[PDB]
């Protein structure tokens, strides 16, 4: 079986944990403990290959130690998550991408930009704004709802496929 280390990053409250649990357990958990950082495993067949996804759902205090740097460096691909009704969480994406680039020592790291909470009508981040950011980064952009499950599988599997591409270069 091939193992993939995925890391889900982004501001508090954007739905990182909801997305992760939807993928793992196939249901929407509304108010999952905002402080728990943990990793979750799922076995799935993707494009004919049996794969073990090890998903780190990030949380907790903002700190920049060598210990945390090495922890994050073990990730092979990153989901950058913002909420489409929270402009600050979108503006924070630059920060998260630069910290990834810093610890991986590379500008070519598999990443996918996710705009979550698409089920809401109160949108503040334009789809064109978000797409344009992803195009300048050269990475895929997918809008999701952990509540309705729209796009969840697609976001995670697109990241797996990006990692496969990057290993085949």
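Positions refer to the first chain, counted from 1.
Trainee: Looking at the deposited entry, does 3-11 or 160-168 carry the larger mean Cα B-factor?
Mentor: The recorded data point to 160-168.
Trainee: Using only C-alpha atoms and the B-factors in the entry, which stretch averages higher, 42-50 or 117-125?
Mentor: 117-125 has the higher mean C-alpha B-factor.
Trainee: When you compare the CA B-factors of 105, 69, 143, 62 as listed in the entry, which one comes out on top?
Mentor: Of the candidates given, the C-alpha B-factor peaks at 105.
Trainee: Which third, lowest, middle or highest, does the CA B-factor of residue 74 fall in along this chain?
Mentor: CA B-factor rank for residue 74: highest third.
Trainee: Consider only the C-alpha atoms of the modelled residues in this chain, order them by B-factor as the entry records it, and name the third containing residue 134: lowest, middle or highest.
Mentor: Its C-alpha B-factor belongs to the middle third of this chain's values.
Trainee: Just say lowest, middle or highest third for the CA B-factor of residue 155 relative to the other modelled residues in its chain.
Mentor: According to the entry, residue 155 has a C-alpha B-factor in the chain's middle third.
Trainee: Grab the CA temperature factor for residue 55 from the record and place it in the lowest, middle or highest third of its chain.
Mentor: It falls in the bottom third of the chain.
Trainee: In terms of the CA temperature factor given in the entry, to which third of its chain does residue 37 belong: lowest, middle or highest?
Mentor: Tercile = lowest for this residue's CA B-factor.
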